[PDB]
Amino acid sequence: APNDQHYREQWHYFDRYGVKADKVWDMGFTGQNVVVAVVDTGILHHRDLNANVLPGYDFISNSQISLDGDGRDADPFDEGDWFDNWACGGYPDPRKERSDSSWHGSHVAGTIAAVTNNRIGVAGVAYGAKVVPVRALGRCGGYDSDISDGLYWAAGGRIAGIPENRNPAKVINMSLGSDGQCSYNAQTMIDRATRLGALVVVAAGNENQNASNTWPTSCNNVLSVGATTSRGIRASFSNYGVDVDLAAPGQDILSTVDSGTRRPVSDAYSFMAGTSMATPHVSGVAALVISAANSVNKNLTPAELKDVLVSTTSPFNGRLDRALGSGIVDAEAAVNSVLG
């Protein structure tokens, strides 16, 4: 249905092992009046995002990470997390020497709610929804405490020195994480966000390791997402195991980025792979589900929304080599479930 130039390439919306977002748009549900926060590298000023981006906030405290000249500020612009000369560091490993800017937060944001039916570029899973960019990641990643403050604020939590969020999110997408157990502080903020009514949707990670060995997956009250391929099998790099709740397409995912290698230069589109790409598919479907639930006067708690998403998955291609939740997220079965 969408008129967008490169929609045809987004197999992950509509093909055999896609999320069946097409079958839900056919029902008139697009995630209208749903707000999804993206706790990530920030947002590009991209012709195929602008319309669907709401005021966010920049939680990065170290100015050597943010690359914008100060700590916390009201502008969640992705300056570009590029680096060279082993700035992150790991010298002398040549594979850690340098990286071009990822535009990670925008690729993720486009999956959720890229401007759709405007002819240019691509579509989003919940293109009737809106995105609040919570910038917590810059050069070399981010601090746990910036991430945790950011996710609490995303839900509507007040933080001293930060103007109240006018746009609290029902769904908080965290395409991020690292090695180690969930911290006391991060768990606490997740629990407070969940009590505010937000579903916290997180990436399993990309180290071909048991996702239980990582945060946010090892936290309570998150929905952890593994990555599958166009063939319906576990993508090679996807973390795995009992604490992965479900999976979504995380290989050859087309979305919105910039062509700049350092700072933004011009709007572009690219294929990426990672549980990071899978995660916003689930965040996008969560928003579709909520817009369907709204239409029948049905409120859903984060726990209930998570159960709908996990219980209505489509099957994998055979069994997998590792556990990856119940199936692949399925917007049609998820939405049909809440409409009776």
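Note that residue numbering begins at 1 and tracks the sequence as displayed.
Taking the mean C-alpha B-factor of each stretch as recorded, 200 to 208 and 106 to 114 are not equal, and the higher mean is that of 200 to 208.
Mean CA temperature factor is higher for 182 to 190 when stretches 150 to 158 and 182 to 190 are set side by side in the entry.
Comparing the listed residues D78, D267, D100, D243, the entry records the largest Cα B-factor for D243. Note on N52, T279, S311, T41: the highest value goes to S311, judged by CA B factor as recorded.
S175: CA B factor lies in the lowest third for its chain, per the PDB record. In the PDB entry, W82 places in the lowest third of its chain by CA B-factor. Split the chain's modelled residues into thirds by C-alpha temperature factor. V257 is in the lowest one. Sort the modelled residues of the chain by CA B factor and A293 lands in the highest third. When all modelled residues of the chain are sorted by CA temperature factor, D307 is found within the highest third.
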